[PDB]
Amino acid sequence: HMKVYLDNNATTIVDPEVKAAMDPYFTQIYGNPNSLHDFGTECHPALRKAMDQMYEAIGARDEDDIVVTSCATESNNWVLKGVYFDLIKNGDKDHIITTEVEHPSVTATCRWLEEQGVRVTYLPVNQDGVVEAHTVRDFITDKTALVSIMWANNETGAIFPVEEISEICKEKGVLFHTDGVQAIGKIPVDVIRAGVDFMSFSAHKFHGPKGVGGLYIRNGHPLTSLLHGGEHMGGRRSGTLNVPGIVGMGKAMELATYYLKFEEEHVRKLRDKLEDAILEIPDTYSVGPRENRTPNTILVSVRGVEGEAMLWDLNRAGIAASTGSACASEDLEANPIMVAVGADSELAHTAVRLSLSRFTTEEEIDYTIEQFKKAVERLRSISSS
């Protein structure tokens, strides 16, 4: 029996060196950075180094702004509700474009905004689990305020063509926000090559602590504060700084870009080994093309078995994984495949999501393969066909 964590898309372990970087800023270094005395300013070089690491990690420039939030949920709420306030309730706009596969912090916010008179089109997702740039350009009107498309999906790992969406969005002169939580540490992130106006991210996705996130803004574009008050974060988000959170997030983001620049094959090779091994089981289908998928993600549908049952038989074996919505369909060759769908569909079935990280060992993978085979055989023997 071995405990194995493959739910990294939900949360990640804090790198011990990141935790060590955070350690002094609880009891040793505790002053408020907004104070003028030496106790308050003692953490200022650490905050500056952290902010520099974040700017460097995402390819932001000096002109741009990076506001530290409590989580990417805050960031999504902030950009959606602030653009609604700026260009819809006090502007001449009334439309937002997004996808039916976004994180709940975007979907539920969009539904509340629709409860405030905003027209929102949740764009359906194509066979590859992606939304393409021509659909969105066909859906931009003269009243569209904002296009909000996640950078990569958390259930399938599919990468969205955020750059092409940016080109079109700039053509129509509409702001572009992306939920980039799944991008940091897994794919190259250059927010000027992506052309996005706003980007949300979360530290606990790339081995930073929980309780700290960020929102990126291009060229300090105006965005009404979600949290008003004091002049923390350039007067854009009030409240005492989560000093350990900031220090840790910066260290984690630097480490994420280092391990993507060199440790890129270790995670990708283990993901592909696991996926090949699982796909050698009869009547298994992996959702989404691997060549457009983050290196750490598999979303597998097992026929005969149900995703929750597969999840709990894995959990009994010490393996943590999660669920993902999928729909039954075919390709152009008329071969049955499993494809992405919004969770709120009736044609969705639960597939098993397995997400690795840079801390996954090959032994963990051998154990996971063996236990996956075991669970599949035991459970197909007890149900349906």
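The first residue of the sequence shown is number 1, and the count goes up from there.
Novice: Of the other PDB entries compared that resolve residues on either side of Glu346, does at least a third omit it?
Specialist: No, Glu346 is modelled in every one of the other compared entries that cover both of its flanks.
Novice: Output yes if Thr27 is unmodelled in at least a third of the other compared entries of this protein, no if it is modelled in all of them.
Specialist: Per the records, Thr27 is modelled in all the other entries.
Novice: Going by the mean C-alpha B-factor recorded in the entry, which is higher: 300-308 or 70-78?
Specialist: Per the PDB entry, the higher value belongs to 300-308.
Novice: As stated in the PDB record, which stretch has the larger average Cα B-factor, 345-353 or 45-53?
Specialist: The deposited B-factors put 345-353 ahead on the C-alpha mean.
Novice: Considering only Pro124, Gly250, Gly239, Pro188, which residue's Cα atom bears the greatest B-factor as recorded?
Specialist: Spelled out: the listed residue with the top C-alpha B-factor is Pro124.
Novice: Going by the deposited entry, which of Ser200, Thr99, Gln182, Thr135 has the highest CA temperature factor?
Specialist: Comparing C-alpha B-factors across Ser200, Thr99, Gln182, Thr135, the maximum falls on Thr135.
Novice: Relative to the other modelled residues of the same chain, rank the CA B-factor of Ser325 and answer lowest, middle or highest third.
Specialist: Within its chain, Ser325 is a middle-third residue by C-alpha B-factor, going by the deposited values.
Novice: Splitting the chain's C-alpha B-factors into thirds, which one does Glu17 fall into?
Specialist: Middle third of the chain for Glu17's C-alpha B-factor.
Novice: Ordered by C-alpha B-factor within the chain, which third holds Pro336? Give me lowest, middle or highest, please.
Specialist: Highest third of the chain for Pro336's C-alpha B-factor.
Novice: Taking only the Cα B-factors deposited for this chain, tell me whether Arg268 sits in the lowest, middle or highest third.
Specialist: Middle third - that is where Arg268 ends up once the chain's C-alpha B-factors are sorted.
Novice: Quick one: classify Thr156 as lowest, middle or highest third of the chain based on its Cα B-factor.
Specialist: For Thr156, whose C-alpha B-factor we compare with every modelled residue in the chain, the answer is the lowest third.
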